[PDB]
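Starting off, we have a lone chain in the form deposited in one PDB entry, written out as structure tokens.
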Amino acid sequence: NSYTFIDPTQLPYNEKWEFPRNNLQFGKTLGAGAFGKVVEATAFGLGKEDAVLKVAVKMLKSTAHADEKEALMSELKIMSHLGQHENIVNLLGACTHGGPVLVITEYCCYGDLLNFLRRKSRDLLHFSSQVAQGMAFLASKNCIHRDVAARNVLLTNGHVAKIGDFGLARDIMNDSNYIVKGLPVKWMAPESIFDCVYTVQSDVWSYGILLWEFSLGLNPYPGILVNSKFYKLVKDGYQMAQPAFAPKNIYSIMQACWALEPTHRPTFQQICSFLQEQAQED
């Protein structure tokens, strides 16, 4: 499959990415938490060609210390080593010198998917494929994502979906989908919950939950509270039912992804292929 020659969370920053903040006028804030945020902006003469364009910049709020200010650099560092892919929110550059860290990304003009679906309560299949392609890539670099969900999928011009992660620019603290456990429990594989284990095979599970998000944006395990009862349910192998708008084949993928044995679950490679077949038949 893929061999990892190096791990990017232990590599230093690559200064080829650096871009000068003076060619950057902040537009509107796009999203924010209690430790950092994300805001529209125009980068003057970006890339190896002197072209202006629209971007998003992630950055710390006032309230950051060695915990978060590092975790932004980690994200920066990890990101400099994946490099581009149409189905991913790509790093364009950074500002790491002469001020707090500014991480400049593609601006995805239609924002998060969970809202794009909730808004609108073959198109559903493209989204699934595109997200699947993006994860197959992250998988090919042995990069575990840990927060695969519709809230973290973005929609650029021509409704192409790219995986991302809002990280510090999301109010995780005031978001009931993230449970305090001395975590987005409804999206997590059992090995991730019970045993703090986190693989690409876990991310397939979470990618299962994302497909069920074909419910056109429903909260998983609808009306089920996260508590003793919910953990037993998922260990004893309970599965959400088929969504209304799911083709049977597609629910077969979800049930595949929600296999309790991590190895019995498929790979982003397989899913992309099964998705490719089901495309011309539609």
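We number the residues from 1 along the sequence you see. Think of the rigid core as the biggest set of C-alphas that the two forms share within 1.5 Å after superposition.
We do not show the form deposited in another entry, though everything after this point is about it.
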Which residue of 155, 72, 169, 104 is the mover here, meaning its C-alpha shifts by 2 Å or more between this form and the one not shown once both are aligned on the rigid core? 169
After a core superposition, would you say residue 263 shifts its C-alpha by at least 2 Å between this form and the one not shown? no
Quick one: in the other form, is the Cα gap between residue 130 and residue 49 smaller or bigger than here? Answer closer or farther; it shifts by 3 Å or more. farther
Versus the form shown, are the CA atoms of residue 143 and residue 10 closer or farther apart in the other form, given a shift of 3 angstroms or more? farther
